[PDB]
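This document opens with one chain alone, in structure tokens, the form deposited in one PDB entry.
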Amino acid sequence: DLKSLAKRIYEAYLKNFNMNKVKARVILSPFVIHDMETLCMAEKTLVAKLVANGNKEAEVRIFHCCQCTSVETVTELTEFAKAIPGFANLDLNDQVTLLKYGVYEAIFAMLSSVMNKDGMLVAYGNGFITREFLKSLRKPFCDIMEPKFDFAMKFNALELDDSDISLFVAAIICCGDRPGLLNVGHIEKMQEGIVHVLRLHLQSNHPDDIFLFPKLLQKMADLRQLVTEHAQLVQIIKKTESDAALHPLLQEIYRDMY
């Protein structure tokens, strides 16, 4: 029954997220964006509407694309959350709170799947932007990217697959210590259930690493810190860059988070 639960989560993940580790890897083994010329060419083909004006600064244009991917992932994560035992039975306000505080942690966790030490896939697997090009961007835009790569490199070293990641993301969403929850007790039990499944699955899927579970619990805490830091950086950008507008949805997610 618990082995069945793990599969249900895995199937929901495969059905709700446009990208997964297997697909990402097939592609990585795509138009390359390594400089301004290639960035511009990529934009004209992939996000034509965004460069038809005559346009925002390259850094802001990239920042907008990053935001748009987040908005899309929020929709994917919301639909995914339904296959998690008990989630749909939670109060509507609790579901919203869980999604609000968990989306960015899940985003950076899953972002690792399309990242390697040299760069990352973008625009639904149709592009590959170099890590070095992202580092080249002027401050503070170049500071948004690198920390995510740093986390990704160590996360990817854990060699998790989609069956593991699906449960990890589920566990991230099922967090009882999120601010403003109405029914903390039911959420903690829901959490305990998912974490229990995650533990048994890692034991079965990774007999070679007896520290995998504790390692992942730590990544959960690392993600929370990574997000707090990301939120601060986004705030700095929002105030000091008069041309970088924040998407309304993300603005709502960011509100009173940290």
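C-alpha atoms forming the largest set that superposes within 1.5 Å between two forms make up the rigid core. Numbers for residues come from their place in the sequence shown, where the first is 1.
Per-stretch RMS Cα distance to the displayed form in 9 other deposited structures of this protein, following rigid core alignment, is highest for 79 to 87 when 135 to 143 and 79 to 87 are compared.
After superposition on the rigid core, the larger root-mean-square Cα deviation in 9 other deposited structures of this protein belongs to 39 to 47, not to the other of 39 to 47 and 221 to 229. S70, present in the displayed chain, carries coordinates in each of the other PDB entries compared that cover both sides of it, far from a third leaving it out.
The records show that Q191 is included in the coordinate set of every other eligible entry of this protein, so it is not omitted in a third of them. Gap between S29 and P30: 4 to 9 deposited residues without coordinates.
The stretch of deposited sequence separating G54 from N55 contains 1 to 3 residues lacking coordinates in this entry. Taking only CA atoms, the mean B-factor in the PDB entry is higher for 181 to 189 than for the other of 72 to 80 and 181 to 189. When 20 to 28 is weighed against 241 to 249, 241 to 249 comes out higher, by mean CA B-factor as recorded in the entry. Taking the deposited Cα B-factors for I33, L50, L223, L212, the highest one is held by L50.
Within the listed group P85, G102, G119, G125, the record reports its top CA B-factor for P85. Among the modelled residues of its chain, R131 has a C-alpha B-factor that falls in the lowest third according to the deposited record.
Ranked against the other modelled residues of its chain, the C-alpha B-factor of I144 as given in the entry falls in the middle third. Per-chain ranking of the deposited C-alpha B factor places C174 in the highest third. Among all modelled residues in its chain, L98 ranks in the middle third by Cα B-factor. In this PDB entry, the Cα temperature factor of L137 sits in the middle third of its chain's modelled residues.
Omitted from view is the form solved in complex with a partner chain, to which the following refers.
Taken together, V114, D118 and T130 are entirely out of contact with its partner chain in the deposited complex: none brings a heavy atom within 4.5 Å.
This chain is displayed alone, yet in the deposited complex one of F141, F155, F108, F87 has a heavy atom within 4.5 Å of its partner chain; that residue is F87. With a 4.5 Å cutoff on heavy atoms, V96 counts as touching its partner chain in the deposited complex. Interface residue remark: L134 is not counted as part of the site for its partner chain in the deposited complex, having no heavy atom within 4.5 Å. Contact check for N183: every heavy atom lies farther than 4.5 Å from its partner chain in the deposited complex. Using a 4.5 angstroms threshold between heavy atoms, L249 counts as touching its partner chain in the deposited complex.
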